[PDB]
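As a basis for the values below, the full set of heavy atoms in this structure was taken, side chains included, without hydrogen atoms, waters or symmetry mates. Reminder, nothing fancy here: chain letters follow the sequence lines and each chain counts from 1.
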Amino acid sequence: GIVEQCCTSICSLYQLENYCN
Amino acid sequence: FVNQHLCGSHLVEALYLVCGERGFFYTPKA
C-alpha cells in the first residue's frame with residue numbers, strides 16, 4: 001500500500017495522485 | 001517535496017498538497 005510505496009520506499013507524484021479522489 | 005521517503009504526517013501533508021480540492025484517502029493498513 002501507500003506506506004510500502006512512499007514511506008519504506010521513495011515516493012513519487014505519480015503514486016501520490018493515485019490516492020486523490 | 002514528493003520524491004523522498006514520506007512517513008506519517010509527512011505523507012499526509014504531501015497528499016494534501018498534491019490532491020488539493022479533490023482531497024484524498026489515506027489507508028496505511030491497506
Side-chain angles (χ1 to χ4, degrees):
Chain A
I2 191 175
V3 174
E4 290 68 29
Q5 301 316 319
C6 281
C7 176
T8 55
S9 64
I10 298 171
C11 204
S12 72
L13 178 60
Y14 187 102
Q15 285 286 309
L16 287 167
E17 285 198 336
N18 285 333
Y19 296 90
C20 302
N21 305 309
Chain B
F1 63 93
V2 297
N3 299 114
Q4 58 180 311
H5 293 92
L6 299 170
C7 303
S9 66
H10 302 194
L11 179 54
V12 162
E13 166 177 295
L15 287 164
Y16 165 76
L17 288 175
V18 163
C19 296
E21 62 177 27
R22 302 207 135 257
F24 62 90
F25 55 99
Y26 174 63
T27 59
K29 297 312 180 159

Requested in this report: Check whether more than 12 heavy atoms from other residues, nucleotides or ligands sit under 6.0 Å from atom NE2 of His5(B), and answer yes or no.
Outcome: yes

Report summary line: Of the listed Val3(A), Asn18(A), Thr8(A), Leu16(A), the one with the largest count of heavy-atom pairs under 4.5 Å with chain B is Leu16(A)

Query raised in the report: Should the SG of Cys6(A) and the SG of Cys7(B) be checked, would they turn out to be under 2.5 Å apart?
Result: no

Report task. Answer yes or no: does atom OH of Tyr16(B) have more than 12 heavy-atom neighbours from other residues, nucleotides or ligands under 6.0 Å? Result -> no

Requested in this report: Flag the one option from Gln4(B), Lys29(B), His10(B) with the top tally of heavy-atom pairs under 4.5 Å to chain A.
Outcome: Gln4(B)

Requested in this report: Please determine, among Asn21(A), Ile10(A), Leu13(A), the option with the most heavy-atom pairs under 4.5 Å with chain B.
Outcome: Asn21(A)

**Report entry** side-chain contact (heavy atoms from CB on, under 4.5 Å) evaluation trace for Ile2(A) with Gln15(A)
**Finding:** CA-CA 8 Å; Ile2(A) 191 175; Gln15(A) 285 286 309; over 6 Å; no

